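We give structure tokens for two forms of one protein chain below, kept apart as structure 1 and structure 2.
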Structure 1
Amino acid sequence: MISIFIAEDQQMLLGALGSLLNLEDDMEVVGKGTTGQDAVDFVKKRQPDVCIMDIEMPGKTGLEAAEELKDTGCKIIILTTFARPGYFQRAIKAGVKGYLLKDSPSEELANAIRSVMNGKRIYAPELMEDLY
């Protein structure tokens, strides 16, 4: 089973996304509700396979939280609404494996998780662009 950590999943939307991923036979969401240093510690000690981050969270907007997990061994998947300048370059440099549109179905996220676990990088072409 693929172990999945979702940053800030004590929040209802990210918690709901994790509940949906838990319905997959080959996936398990781990460390639910862990935040702050407690989260960074979970990722380092429990070593989840995949880390999902919403980069548009207010008071945590940007690539910094994802860049903070770049050396944890966790395969990062970022969720965003549209392209922002310099984001694609920062994601590639931080070793991000997935860079997806929030508008895509949750089936695309599950498939991206599997692809990322098979050594692939899944970037929405709409986001590899300089702007929206």
Structure 2
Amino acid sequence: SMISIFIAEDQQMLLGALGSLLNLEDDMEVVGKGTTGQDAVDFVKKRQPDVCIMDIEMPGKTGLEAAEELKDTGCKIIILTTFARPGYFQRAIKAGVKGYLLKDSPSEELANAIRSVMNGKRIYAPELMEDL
């Protein structure tokens, strides 16, 4: 009924803003918040949320490294980034991320990607593909 979300984002202001933006949805719930890749691995393996919103660049373990450790859990991982760095896209796919979006994408589109991913779809931003 209600989609359980874990958010991993090292920048506290953004972490808080994302949680607030997603808690505004009727069919969604932020069940945990983290600032490192390890926080994501620990919560997802233990609490098993439906979805994990994962930042890439975080201290300790990156979101891509966290995504690799969670490749065979049943959690649907959506990556968020600001800049498309080379090979992040291929590493994301190979880790089995279900979504790869821009942080600054309108909030309506992030909630839509969470629903689409829960419906078995893979949502990749065209900007983040390494062909325009």
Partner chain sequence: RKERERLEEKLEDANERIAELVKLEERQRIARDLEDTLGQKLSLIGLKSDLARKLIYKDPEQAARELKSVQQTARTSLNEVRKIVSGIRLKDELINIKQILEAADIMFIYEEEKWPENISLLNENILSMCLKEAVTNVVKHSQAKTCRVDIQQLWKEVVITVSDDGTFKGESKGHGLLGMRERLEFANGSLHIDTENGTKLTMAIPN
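Just so we're on the same page, rigid core means the largest C-alpha set that superposes within 1.5 Å between forms. Each residue is numbered by where it sits in the sequence of structure 1, with counting from 1.
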Quiz prompt | Form selected (criterion: the form deposited without the partner chain) | solution = 1
Quiz prompt | residue 35 C-alpha shift between the two structures of 2 Å or more, rigid core reference | solution = yes
Exercise. Using a superposition on the rigid core, decide whether the Cα position of residue 89 changes by 2 angstroms or more between the two structures.
Key: no
Quiz item: Taking the rigid core as reference, does the Cα of residue 49 move 2 Å or more between the two structures?
Solution: no
Self-check item: residue 58 CA shift between the two structures in angstrom, with the core used for superposition
Solution: 5.5
Practice problem: May I ask for the C-alpha shift of residue 16 between the two structures, in Å, based on superposition of the rigid core? | Solution: 2.1
Quiz prompt | between the two structures, C-alpha offset at residue 98 (rigid core aligned, Å) | solution = 0.6
